[PDB]
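Dropping entry-v8.pdb in here (PDB, N, CA and C atoms):
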```pdb
ATOM      1  N   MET I   1      10.275  -1.929  -9.636  1.00  0.00           N
ATOM      2  CA  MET I   1      10.081  -1.311  -8.304  1.00  0.00           C
ATOM      3  C   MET I   1       9.353  -2.320  -7.418  1.00  0.00           C
ATOM      4  N   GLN I   2       9.277  -2.020  -6.140  1.00  0.00           N
ATOM      5  CA  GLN I   2       8.621  -2.940  -5.181  1.00  0.00           C
ATOM      6  C   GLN I   2       7.497  -2.220  -4.436  1.00  0.00           C
ATOM      7  N   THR I   3       6.462  -2.930  -4.102  1.00  0.00           N
ATOM      8  CA  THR I   3       5.354  -2.284  -3.341  1.00  0.00           C
ATOM      9  C   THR I   3       5.037  -3.125  -2.107  1.00  0.00           C
ATOM     10  N   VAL I   4       4.500  -2.498  -1.101  1.00  0.00           N
ATOM     11  CA  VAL I   4       4.148  -3.227   0.155  1.00  0.00           C
ATOM     12  C   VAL I   4       2.745  -2.790   0.566  1.00  0.00           C
ATOM     13  N   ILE I   5       1.877  -3.743   0.815  1.00  0.00           N
ATOM     14  CA  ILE I   5       0.492  -3.380   1.244  1.00  0.00           C
ATOM     15  C   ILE I   5       0.320  -3.800   2.707  1.00  0.00           C
ATOM     16  N   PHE I   6       0.031  -2.851   3.564  1.00  0.00           N
ATOM     17  CA  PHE I   6      -0.144  -3.160   5.014  1.00  0.00           C
ATOM     18  C   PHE I   6      -1.641  -3.193   5.307  1.00  0.00           C
ATOM     19  N   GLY I   7      -2.295  -4.229   4.884  1.00  0.00           N
ATOM     20  CA  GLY I   7      -3.765  -4.308   5.124  1.00  0.00           C
ATOM     21  C   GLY I   7      -4.173  -5.751   5.328  1.00  0.00           C
ATOM     22  N   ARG I   8      -5.447  -5.989   5.412  1.00  0.00           N
ATOM     23  CA  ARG I   8      -5.909  -7.393   5.607  1.00  0.00           C
ATOM     24  C   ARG I   8      -6.869  -7.780   4.477  1.00  0.00           C
ATOM     25  N   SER I   9      -6.952  -9.050   4.210  1.00  0.00           N
ATOM     26  CA  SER I   9      -7.846  -9.508   3.115  1.00  0.00           C
ATOM     27  C   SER I   9      -9.323  -9.387   3.514  1.00  0.00           C
ATOM     28  N   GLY I  10      -9.839  -8.186   3.478  1.00  0.00           N
ATOM     29  CA  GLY I  10     -11.284  -7.994   3.840  1.00  0.00           C
ATOM     30  C   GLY I  10     -11.549  -6.678   4.579  1.00  0.00           C
ATOM     31  N   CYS I  11     -10.659  -5.735   4.422  1.00  0.00           N
ATOM     32  CA  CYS I  11     -10.837  -4.398   5.067  1.00  0.00           C
ATOM     33  C   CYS I  11     -10.833  -3.313   3.981  1.00  0.00           C
ATOM     34  N   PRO I  12     -11.971  -3.153   3.337  1.00  0.00           N
ATOM     35  CA  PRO I  12     -12.073  -2.823   1.891  1.00  0.00           C
ATOM     36  C   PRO I  12     -10.784  -2.236   1.282  1.00  0.00           C
ATOM     37  N   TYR I  13     -10.439  -1.026   1.669  1.00  0.00           N
ATOM     38  CA  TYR I  13      -9.191  -0.368   1.139  1.00  0.00           C
ATOM     39  C   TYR I  13      -8.067  -1.381   0.887  1.00  0.00           C
ATOM     40  N   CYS I  14      -7.886  -2.256   1.844  1.00  0.00           N
ATOM     41  CA  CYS I  14      -6.821  -3.295   1.748  1.00  0.00           C
ATOM     42  C   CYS I  14      -6.951  -4.040   0.428  1.00  0.00           C
ATOM     43  N   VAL I  15      -8.123  -4.580   0.234  1.00  0.00           N
ATOM     44  CA  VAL I  15      -8.381  -5.338  -1.005  1.00  0.00           C
ATOM     45  C   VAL I  15      -8.136  -4.413  -2.184  1.00  0.00           C
ATOM     46  N   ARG I  16      -8.657  -3.218  -2.091  1.00  0.00           N
ATOM     47  CA  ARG I  16      -8.469  -2.236  -3.212  1.00  0.00           C
ATOM     48  C   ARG I  16      -6.991  -2.009  -3.543  1.00  0.00           C
ATOM     49  N   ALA I  17      -6.213  -1.701  -2.543  1.00  0.00           N
ATOM     50  CA  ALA I  17      -4.754  -1.502  -2.772  1.00  0.00           C
ATOM     51  C   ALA I  17      -4.239  -2.746  -3.486  1.00  0.00           C
ATOM     52  N   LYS I  18      -4.575  -3.885  -2.927  1.00  0.00           N
ATOM     53  CA  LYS I  18      -4.153  -5.168  -3.548  1.00  0.00           C
ATOM     54  C   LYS I  18      -4.601  -5.194  -5.010  1.00  0.00           C
ATOM     55  N   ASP I  19      -5.861  -5.000  -5.258  1.00  0.00           N
ATOM     56  CA  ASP I  19      -6.368  -4.992  -6.655  1.00  0.00           C
ATOM     57  C   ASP I  19      -5.480  -4.109  -7.515  1.00  0.00           C
ATOM     58  N   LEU I  20      -5.360  -2.881  -7.102  1.00  0.00           N
ATOM     59  CA  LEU I  20      -4.529  -1.909  -7.865  1.00  0.00           C
ATOM     60  C   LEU I  20      -3.098  -2.426  -8.060  1.00  0.00           C
ATOM     61  N   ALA I  21      -2.421  -2.725  -6.983  1.00  0.00           N
ATOM     62  CA  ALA I  21      -1.015  -3.219  -7.113  1.00  0.00           C
ATOM     63  C   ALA I  21      -0.985  -4.437  -8.022  1.00  0.00           C
ATOM     64  N   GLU I  22      -1.783  -5.411  -7.681  1.00  0.00           N
ATOM     65  CA  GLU I  22      -1.817  -6.642  -8.496  1.00  0.00           C
ATOM     66  C   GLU I  22      -1.926  -6.248  -9.963  1.00  0.00           C
ATOM     67  N   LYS I  23      -2.836  -5.351 -10.234  1.00  0.00           N
ATOM     68  CA  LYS I  23      -3.022  -4.875 -11.632  1.00  0.00           C
ATOM     69  C   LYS I  23      -1.692  -4.391 -12.215  1.00  0.00           C
ATOM     70  N   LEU I  24      -1.138  -3.343 -11.645  1.00  0.00           N
ATOM     71  CA  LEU I  24       0.161  -2.787 -12.165  1.00  0.00           C
ATOM     72  C   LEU I  24       1.136  -3.873 -12.606  1.00  0.00           C
ATOM     73  N   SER I  25       1.292  -4.857 -11.780  1.00  0.00           N
ATOM     74  CA  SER I  25       2.216  -5.994 -12.100  1.00  0.00           C
ATOM     75  C   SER I  25       2.171  -6.419 -13.585  1.00  0.00           C
ATOM     76  N   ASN I  26       1.002  -6.359 -14.180  1.00  0.00           N
ATOM     77  CA  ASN I  26       0.839  -6.805 -15.609  1.00  0.00           C
ATOM     78  C   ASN I  26       0.877  -5.661 -16.628  1.00  0.00           C
ATOM     79  N   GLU I  27       1.291  -4.517 -16.179  1.00  0.00           N
ATOM     80  CA  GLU I  27       1.380  -3.326 -17.071  1.00  0.00           C
ATOM     81  C   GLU I  27       2.732  -2.630 -16.919  1.00  0.00           C
ATOM     82  N   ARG I  28       3.286  -2.713 -15.738  1.00  0.00           N
ATOM     83  CA  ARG I  28       4.596  -2.037 -15.474  1.00  0.00           C
ATOM     84  C   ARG I  28       5.789  -2.994 -15.556  1.00  0.00           C
ATOM     85  N   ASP I  29       5.547  -4.268 -15.349  1.00  0.00           N
ATOM     86  CA  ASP I  29       6.642  -5.303 -15.416  1.00  0.00           C
ATOM     87  C   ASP I  29       7.598  -5.153 -14.226  1.00  0.00           C
ATOM     88  N   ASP I  30       8.258  -4.033 -14.136  1.00  0.00           N
ATOM     89  CA  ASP I  30       9.182  -3.820 -12.989  1.00  0.00           C
ATOM     90  C   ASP I  30       8.323  -3.352 -11.807  1.00  0.00           C
ATOM     91  N   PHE I  31       7.342  -4.147 -11.483  1.00  0.00           N
ATOM     92  CA  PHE I  31       6.424  -3.803 -10.365  1.00  0.00           C
ATOM     93  C   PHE I  31       6.080  -5.059  -9.567  1.00  0.00           C
ATOM     94  N   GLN I  32       6.841  -5.320  -8.553  1.00  0.00           N
ATOM     95  CA  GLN I  32       6.555  -6.523  -7.723  1.00  0.00           C
ATOM     96  C   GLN I  32       6.042  -6.024  -6.376  1.00  0.00           C
ATOM     97  N   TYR I  33       4.918  -6.520  -5.936  1.00  0.00           N
ATOM     98  CA  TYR I  33       4.377  -6.045  -4.625  1.00  0.00           C
ATOM     99  C   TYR I  33       4.451  -7.160  -3.575  1.00  0.00           C
ATOM    100  N   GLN I  34       4.387  -6.778  -2.331  1.00  0.00           N
ATOM    101  CA  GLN I  34       4.416  -7.778  -1.225  1.00  0.00           C
ATOM    102  C   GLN I  34       3.169  -7.559  -0.382  1.00  0.00           C
ATOM    103  N   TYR I  35       2.652  -8.624   0.154  1.00  0.00           N
ATOM    104  CA  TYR I  35       1.431  -8.490   0.985  1.00  0.00           C
ATOM    105  C   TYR I  35       1.840  -8.558   2.455  1.00  0.00           C
ATOM    106  N   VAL I  36       1.339  -7.630   3.222  1.00  0.00           N
ATOM    107  CA  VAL I  36       1.635  -7.586   4.678  1.00  0.00           C
ATOM    108  C   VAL I  36       0.291  -7.430   5.416  1.00  0.00           C
ATOM    109  N   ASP I  37       0.102  -8.196   6.474  1.00  0.00           N
ATOM    110  CA  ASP I  37      -1.181  -8.154   7.264  1.00  0.00           C
ATOM    111  C   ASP I  37      -0.925  -7.523   8.647  1.00  0.00           C
ATOM    112  N   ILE I  38      -1.479  -6.351   8.814  1.00  0.00           N
ATOM    113  CA  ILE I  38      -1.323  -5.584  10.091  1.00  0.00           C
ATOM    114  C   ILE I  38      -1.605  -6.412  11.357  1.00  0.00           C
ATOM    115  N   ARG I  39      -2.505  -7.358  11.263  1.00  0.00           N
ATOM    116  CA  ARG I  39      -2.852  -8.173  12.469  1.00  0.00           C
ATOM    117  C   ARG I  39      -2.175  -9.539  12.440  1.00  0.00           C
ATOM    118  N   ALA I  40      -1.146  -9.657  11.654  1.00  0.00           N
ATOM    119  CA  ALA I  40      -0.409 -10.946  11.576  1.00  0.00           C
ATOM    120  C   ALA I  40       1.041 -10.670  11.931  1.00  0.00           C
ATOM    121  N   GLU I  41       1.517  -9.592  11.367  1.00  0.00           N
ATOM    122  CA  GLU I  41       2.924  -9.163  11.587  1.00  0.00           C
ATOM    123  C   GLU I  41       3.088  -8.562  12.990  1.00  0.00           C
ATOM    124  N   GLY I  42       2.166  -7.709  13.374  1.00  0.00           N
ATOM    125  CA  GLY I  42       2.245  -7.093  14.740  1.00  0.00           C
ATOM    126  C   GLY I  42       2.432  -5.572  14.693  1.00  0.00           C
ATOM    127  N   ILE I  43       1.469  -4.871  14.159  1.00  0.00           N
ATOM    128  CA  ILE I  43       1.584  -3.382  14.091  1.00  0.00           C
ATOM    129  C   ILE I  43       0.551  -2.749  15.036  1.00  0.00           C
ATOM    130  N   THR I  44       0.907  -1.634  15.637  1.00  0.00           N
ATOM    131  CA  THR I  44      -0.044  -0.952  16.572  1.00  0.00           C
ATOM    132  C   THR I  44      -0.415   0.442  16.029  1.00  0.00           C
ATOM    133  N   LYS I  45       0.241   1.454  16.513  1.00  0.00           N
ATOM    134  CA  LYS I  45      -0.017   2.847  16.030  1.00  0.00           C
ATOM    135  C   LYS I  45       1.349   3.492  15.881  1.00  0.00           C
ATOM    136  N   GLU I  46       2.106   3.369  16.940  1.00  0.00           N
ATOM    137  CA  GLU I  46       3.486   3.924  16.972  1.00  0.00           C
ATOM    138  C   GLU I  46       4.248   3.434  15.731  1.00  0.00           C
ATOM    139  N   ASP I  47       4.206   2.138  15.494  1.00  0.00           N
ATOM    140  CA  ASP I  47       4.887   1.558  14.291  1.00  0.00           C
ATOM    141  C   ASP I  47       4.550   2.397  13.067  1.00  0.00           C
ATOM    142  N   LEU I  48       3.286   2.385  12.742  1.00  0.00           N
ATOM    143  CA  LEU I  48       2.812   3.153  11.562  1.00  0.00           C
ATOM    144  C   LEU I  48       3.336   4.586  11.626  1.00  0.00           C
ATOM    145  N   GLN I  49       3.151   5.252  12.729  1.00  0.00           N
ATOM    146  CA  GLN I  49       3.661   6.658  12.800  1.00  0.00           C
ATOM    147  C   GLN I  49       5.167   6.708  12.492  1.00  0.00           C
ATOM    148  N   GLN I  50       5.878   5.714  12.932  1.00  0.00           N
ATOM    149  CA  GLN I  50       7.353   5.669  12.693  1.00  0.00           C
ATOM    150  C   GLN I  50       7.693   5.283  11.241  1.00  0.00           C
ATOM    151  N   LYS I  51       6.947   4.362  10.711  1.00  0.00           N
ATOM    152  CA  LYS I  51       7.203   3.865   9.315  1.00  0.00           C
ATOM    153  C   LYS I  51       6.509   4.676   8.210  1.00  0.00           C
ATOM    154  N   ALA I  52       5.402   5.258   8.545  1.00  0.00           N
ATOM    155  CA  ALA I  52       4.594   6.051   7.564  1.00  0.00           C
ATOM    156  C   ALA I  52       4.461   7.519   7.960  1.00  0.00           C
ATOM    157  N   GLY I  53       4.366   7.734   9.239  1.00  0.00           N
ATOM    158  CA  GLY I  53       4.197   9.119   9.766  1.00  0.00           C
ATOM    159  C   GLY I  53       2.800   9.171  10.371  1.00  0.00           C
ATOM    160  N   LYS I  54       1.882   8.612   9.611  1.00  0.00           N
ATOM    161  CA  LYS I  54       0.438   8.537   9.994  1.00  0.00           C
ATOM    162  C   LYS I  54      -0.149   9.912  10.365  1.00  0.00           C
ATOM    163  N   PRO I  55      -0.896  10.454   9.427  1.00  0.00           N
ATOM    164  CA  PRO I  55      -2.112  11.239   9.740  1.00  0.00           C
ATOM    165  C   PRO I  55      -3.029  10.449  10.689  1.00  0.00           C
ATOM    166  N   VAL I  56      -4.136  11.016  11.065  1.00  0.00           N
ATOM    167  CA  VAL I  56      -5.026  10.285  12.017  1.00  0.00           C
ATOM    168  C   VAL I  56      -5.997   9.377  11.251  1.00  0.00           C
ATOM    169  N   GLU I  57      -5.403   8.482  10.507  1.00  0.00           N
ATOM    170  CA  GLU I  57      -6.174   7.494   9.692  1.00  0.00           C
ATOM    171  C   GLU I  57      -6.116   6.146  10.423  1.00  0.00           C
ATOM    172  N   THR I  58      -6.745   5.132   9.903  1.00  0.00           N
ATOM    173  CA  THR I  58      -6.682   3.817  10.612  1.00  0.00           C
ATOM    174  C   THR I  58      -5.971   2.802   9.725  1.00  0.00           C
ATOM    175  N   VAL I  59      -6.701   1.875   9.146  1.00  0.00           N
ATOM    176  CA  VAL I  59      -6.063   0.866   8.262  1.00  0.00           C
ATOM    177  C   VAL I  59      -6.897   0.691   6.985  1.00  0.00           C
ATOM    178  N   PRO I  60      -6.260   0.265   5.917  1.00  0.00           N
ATOM    179  CA  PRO I  60      -4.809  -0.036   5.833  1.00  0.00           C
ATOM    180  C   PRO I  60      -4.046   1.161   5.256  1.00  0.00           C
ATOM    181  N   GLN I  61      -2.820   0.909   4.849  1.00  0.00           N
ATOM    182  CA  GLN I  61      -1.980   1.989   4.238  1.00  0.00           C
ATOM    183  C   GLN I  61      -1.050   1.355   3.187  1.00  0.00           C
ATOM    184  N   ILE I  62      -0.484   2.178   2.326  1.00  0.00           N
ATOM    185  CA  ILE I  62       0.423   1.623   1.269  1.00  0.00           C
ATOM    186  C   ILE I  62       1.823   2.221   1.353  1.00  0.00           C
ATOM    187  N   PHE I  63       2.743   1.413   0.920  1.00  0.00           N
ATOM    188  CA  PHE I  63       4.166   1.800   0.884  1.00  0.00           C
ATOM    189  C   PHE I  63       4.741   1.418  -0.471  1.00  0.00           C
ATOM    190  N   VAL I  64       5.418   2.332  -1.102  1.00  0.00           N
ATOM    191  CA  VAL I  64       6.053   1.997  -2.412  1.00  0.00           C
ATOM    192  C   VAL I  64       7.552   2.255  -2.256  1.00  0.00           C
ATOM    193  N   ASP I  65       8.359   1.291  -2.631  1.00  0.00           N
ATOM    194  CA  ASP I  65       9.848   1.461  -2.509  1.00  0.00           C
ATOM    195  C   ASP I  65      10.269   1.910  -1.103  1.00  0.00           C
ATOM    196  N   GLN I  66       9.419   1.564  -0.208  1.00  0.00           N
ATOM    197  CA  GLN I  66       9.574   1.833   1.265  1.00  0.00           C
ATOM    198  C   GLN I  66       9.216   3.257   1.693  1.00  0.00           C
ATOM    199  N   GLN I  67       8.940   4.127   0.757  1.00  0.00           N
ATOM    200  CA  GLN I  67       8.569   5.510   1.140  1.00  0.00           C
ATOM    201  C   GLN I  67       7.067   5.472   1.452  1.00  0.00           C
ATOM    202  N   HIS I  68       6.588   6.376   2.263  1.00  0.00           N
ATOM    203  CA  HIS I  68       5.135   6.313   2.578  1.00  0.00           C
ATOM    204  C   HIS I  68       4.345   7.005   1.474  1.00  0.00           C
ATOM    205  N   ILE I  69       3.165   6.504   1.237  1.00  0.00           N
ATOM    206  CA  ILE I  69       2.306   7.086   0.177  1.00  0.00           C
ATOM    207  C   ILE I  69       1.036   7.659   0.816  1.00  0.00           C
ATOM    208  N   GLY I  70       0.558   6.995   1.837  1.00  0.00           N
ATOM    209  CA  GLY I  70      -0.672   7.482   2.528  1.00  0.00           C
ATOM    210  C   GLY I  70      -1.558   6.303   2.924  1.00  0.00           C
ATOM    211  N   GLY I  71      -2.842   6.475   2.761  1.00  0.00           N
ATOM    212  CA  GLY I  71      -3.798   5.393   3.138  1.00  0.00           C
ATOM    213  C   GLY I  71      -4.221   4.597   1.907  1.00  0.00           C
ATOM    214  N   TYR I  72      -4.921   5.210   0.994  1.00  0.00           N
ATOM    215  CA  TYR I  72      -5.337   4.435  -0.223  1.00  0.00           C
ATOM    216  C   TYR I  72      -5.638   5.375  -1.382  1.00  0.00           C
ATOM    217  N   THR I  73      -6.501   6.320  -1.134  1.00  0.00           N
ATOM    218  CA  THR I  73      -6.844   7.315  -2.194  1.00  0.00           C
ATOM    219  C   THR I  73      -5.529   7.796  -2.811  1.00  0.00           C
ATOM    220  N   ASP I  74      -4.640   8.121  -1.930  1.00  0.00           N
ATOM    221  CA  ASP I  74      -3.286   8.571  -2.338  1.00  0.00           C
ATOM    222  C   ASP I  74      -2.661   7.535  -3.275  1.00  0.00           C
ATOM    223  N   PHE I  75      -2.507   6.319  -2.819  1.00  0.00           N
ATOM    224  CA  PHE I  75      -1.901   5.272  -3.702  1.00  0.00           C
ATOM    225  C   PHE I  75      -2.648   5.247  -5.038  1.00  0.00           C
ATOM    226  N   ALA I  76      -3.948   5.230  -4.984  1.00  0.00           N
ATOM    227  CA  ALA I  76      -4.732   5.224  -6.255  1.00  0.00           C
ATOM    228  C   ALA I  76      -4.262   6.368  -7.165  1.00  0.00           C
ATOM    229  N   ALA I  77      -4.376   7.566  -6.659  1.00  0.00           N
ATOM    230  CA  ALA I  77      -3.944   8.750  -7.461  1.00  0.00           C
ATOM    231  C   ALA I  77      -2.455   8.637  -7.779  1.00  0.00           C
ATOM    232  N   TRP I  78      -1.657   8.661  -6.745  1.00  0.00           N
ATOM    233  CA  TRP I  78      -0.178   8.555  -6.913  1.00  0.00           C
ATOM    234  C   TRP I  78       0.156   7.520  -7.985  1.00  0.00           C
ATOM    235  N   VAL I  79      -0.447   6.360  -7.878  1.00  0.00           N
ATOM    236  CA  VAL I  79      -0.181   5.305  -8.892  1.00  0.00           C
ATOM    237  C   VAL I  79      -0.598   5.831 -10.246  1.00  0.00           C
ATOM    238  N   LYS I  80      -1.853   6.172 -10.339  1.00  0.00           N
ATOM    239  CA  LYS I  80      -2.379   6.693 -11.627  1.00  0.00           C
ATOM    240  C   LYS I  80      -1.366   7.648 -12.255  1.00  0.00           C
ATOM    241  N   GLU I  81      -0.910   8.569 -11.459  1.00  0.00           N
ATOM    242  CA  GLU I  81       0.047   9.600 -11.948  1.00  0.00           C
ATOM    243  C   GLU I  81       1.467   9.118 -12.258  1.00  0.00           C
ATOM    244  N   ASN I  82       2.107   8.513 -11.306  1.00  0.00           N
ATOM    245  CA  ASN I  82       3.525   8.106 -11.533  1.00  0.00           C
ATOM    246  C   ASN I  82       3.678   6.780 -12.258  1.00  0.00           C
ATOM    247  N   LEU I  83       2.673   5.957 -12.256  1.00  0.00           N
ATOM    248  CA  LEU I  83       2.842   4.645 -12.942  1.00  0.00           C
ATOM    249  C   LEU I  83       2.031   4.529 -14.226  1.00  0.00           C
ATOM    250  N   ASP I  84       0.840   5.074 -14.255  1.00  0.00           N
ATOM    251  CA  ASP I  84       0.020   4.913 -15.499  1.00  0.00           C
ATOM    252  C   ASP I  84      -0.321   6.249 -16.159  1.00  0.00           C
ATOM    253  N   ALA I  85       0.436   7.272 -15.844  1.00  0.00           N
ATOM    254  CA  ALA I  85       0.196   8.640 -16.430  1.00  0.00           C
ATOM    255  C   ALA I  85      -1.280   9.072 -16.285  1.00  0.00           C
TER     256      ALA I  85
END
```
As structure tokens, please, write out the structure in this file.
Amino acid sequence: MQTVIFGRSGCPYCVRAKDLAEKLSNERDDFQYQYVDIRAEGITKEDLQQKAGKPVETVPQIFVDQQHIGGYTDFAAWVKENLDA
């Protein structure tokens, strides 16, 4: 499977998502993630609402297989559940 992290290297959650995703890579095998930087690529608010839906959260957020997962707590749990039981 593929993962996408829309955060920056230093916006805690961002690093956390990265930590988590990076981790899975060595336990799931079919788990390749991509790093995306909200202030490098060019995202505002509308984008996120269109690509994720966005609750009234800020940054960062996670995407797995292109479907939206949420901000971070969600990815943590969601991952725990669907990837590491």
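Distances here use only C-alpha atoms; by that measure, the residue among I:12, I:4, I:28, I:52 closest to residue 80 in chain I is I:28.
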Among chain I, which ones does DSSP place in strand (DSSP E or B), written as a ChimeraX atom specification?
/I:2-6,32-36,61-64,67-70
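The two atoms in question, atom N of residue 32 in chain I and atom N of residue 5 in chain I, are spaced 10.7 Å apart.
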Test item: axis-aligned box, all listed atoms of range 4-19 of chain I, 6 Å on each side, centre and edges in Å rounded to one decimal, as AutoDock Vina command-line options:
```
--center_x -3.8 --center_y -4.9 --center_z -1.0 --size_x 28.6 --size_y 21.1 --size_z 25.1
```
Using only C-alpha atoms, can you tell me which of I:83, I:1, I:60, I:67 comes closest to residue 30 in chain I?
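Closest residue, counting only C-alpha atoms: I:1.
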Could you list, as a list in words, every residue matched by the PyMOL selection byres ((chain I and resi 71) around 6.5) in this structure?
residues 60, 61, 62, 69, 70, 72, 73, 74 and 75 of chain I
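Restricting the calculation to only N, CA and C atoms, the smallest distance between residue 8 in chain I and any of I:64, I:38, I:21, I:85 is found for I:38.
One distance worth recording is that between atom C of residue 25 in chain I and atom N of residue 11 in chain I, which is 22.1 Å.
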Just save range 63-80 of chain I with N, CA and C atoms, as a PDB file, in the first residue's frame.
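Result written to decode_19.pdb:
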```pdb
ATOM      1  N   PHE I  63      -2.849  10.780   4.692  1.00  0.00           N
ATOM      2  CA  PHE I  63      -3.612  10.154   3.595  1.00  0.00           C
ATOM      3  C   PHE I  63      -3.062   8.757   3.354  1.00  0.00           C
ATOM      4  N   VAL I  64      -3.928   7.788   3.287  1.00  0.00           N
ATOM      5  CA  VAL I  64      -3.450   6.402   2.998  1.00  0.00           C
ATOM      6  C   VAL I  64      -4.169   5.943   1.729  1.00  0.00           C
ATOM      7  N   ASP I  65      -3.420   5.442   0.775  1.00  0.00           N
ATOM      8  CA  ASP I  65      -4.047   4.968  -0.507  1.00  0.00           C
ATOM      9  C   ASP I  65      -4.964   6.028  -1.133  1.00  0.00           C
ATOM     10  N   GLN I  66      -4.639   7.218  -0.783  1.00  0.00           N
ATOM     11  CA  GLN I  66      -5.332   8.467  -1.262  1.00  0.00           C
ATOM     12  C   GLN I  66      -6.648   8.777  -0.548  1.00  0.00           C
ATOM     13  N   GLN I  67      -7.111   7.895   0.298  1.00  0.00           N
ATOM     14  CA  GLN I  67      -8.373   8.176   1.021  1.00  0.00           C
ATOM     15  C   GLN I  67      -7.983   9.031   2.234  1.00  0.00           C
ATOM     16  N   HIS I  68      -8.890   9.816   2.746  1.00  0.00           N
ATOM     17  CA  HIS I  68      -8.493  10.659   3.907  1.00  0.00           C
ATOM     18  C   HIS I  68      -8.595   9.842   5.188  1.00  0.00           C
ATOM     19  N   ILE I  69      -7.726  10.144   6.111  1.00  0.00           N
ATOM     20  CA  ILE I  69      -7.720   9.409   7.399  1.00  0.00           C
ATOM     21  C   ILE I  69      -8.045  10.385   8.537  1.00  0.00           C
ATOM     22  N   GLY I  70      -7.574  11.598   8.404  1.00  0.00           N
ATOM     23  CA  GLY I  70      -7.847  12.618   9.459  1.00  0.00           C
ATOM     24  C   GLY I  70      -6.614  13.491   9.683  1.00  0.00           C
ATOM     25  N   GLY I  71      -6.350  13.798  10.924  1.00  0.00           N
ATOM     26  CA  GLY I  71      -5.181  14.665  11.250  1.00  0.00           C
ATOM     27  C   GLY I  71      -3.993  13.818  11.697  1.00  0.00           C
ATOM     28  N   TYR I  72      -4.102  13.153  12.813  1.00  0.00           N
ATOM     29  CA  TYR I  72      -2.938  12.313  13.257  1.00  0.00           C
ATOM     30  C   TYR I  72      -3.397  11.225  14.217  1.00  0.00           C
ATOM     31  N   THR I  73      -4.078  11.634  15.252  1.00  0.00           N
ATOM     32  CA  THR I  73      -4.601  10.643  16.240  1.00  0.00           C
ATOM     33  C   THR I  73      -5.260   9.512  15.447  1.00  0.00           C
ATOM     34  N   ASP I  74      -6.059   9.935  14.522  1.00  0.00           N
ATOM     35  CA  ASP I  74      -6.757   8.986  13.620  1.00  0.00           C
ATOM     36  C   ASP I  74      -5.736   8.051  12.969  1.00  0.00           C
ATOM     37  N   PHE I  75      -4.791   8.593  12.245  1.00  0.00           N
ATOM     38  CA  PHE I  75      -3.769   7.715  11.591  1.00  0.00           C
ATOM     39  C   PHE I  75      -3.164   6.778  12.639  1.00  0.00           C
ATOM     40  N   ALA I  76      -2.782   7.318  13.759  1.00  0.00           N
ATOM     41  CA  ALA I  76      -2.201   6.451  14.828  1.00  0.00           C
ATOM     42  C   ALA I  76      -3.140   5.270  15.111  1.00  0.00           C
ATOM     43  N   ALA I  77      -4.342   5.595  15.503  1.00  0.00           N
ATOM     44  CA  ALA I  77      -5.337   4.522  15.802  1.00  0.00           C
ATOM     45  C   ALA I  77      -5.584   3.689  14.546  1.00  0.00           C
ATOM     46  N   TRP I  78      -6.121   4.330  13.544  1.00  0.00           N
ATOM     47  CA  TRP I  78      -6.412   3.638  12.255  1.00  0.00           C
ATOM     48  C   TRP I  78      -5.271   2.688  11.899  1.00  0.00           C
ATOM     49  N   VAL I  79      -4.059   3.187  11.968  1.00  0.00           N
ATOM     50  CA  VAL I  79      -2.895   2.318  11.648  1.00  0.00           C
ATOM     51  C   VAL I  79      -2.887   1.158  12.615  1.00  0.00           C
ATOM     52  N   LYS I  80      -2.805   1.492  13.873  1.00  0.00           N
ATOM     53  CA  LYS I  80      -2.779   0.434  14.914  1.00  0.00           C
ATOM     54  C   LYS I  80      -3.782  -0.665  14.566  1.00  0.00           C
TER      55      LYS I  80
END
```
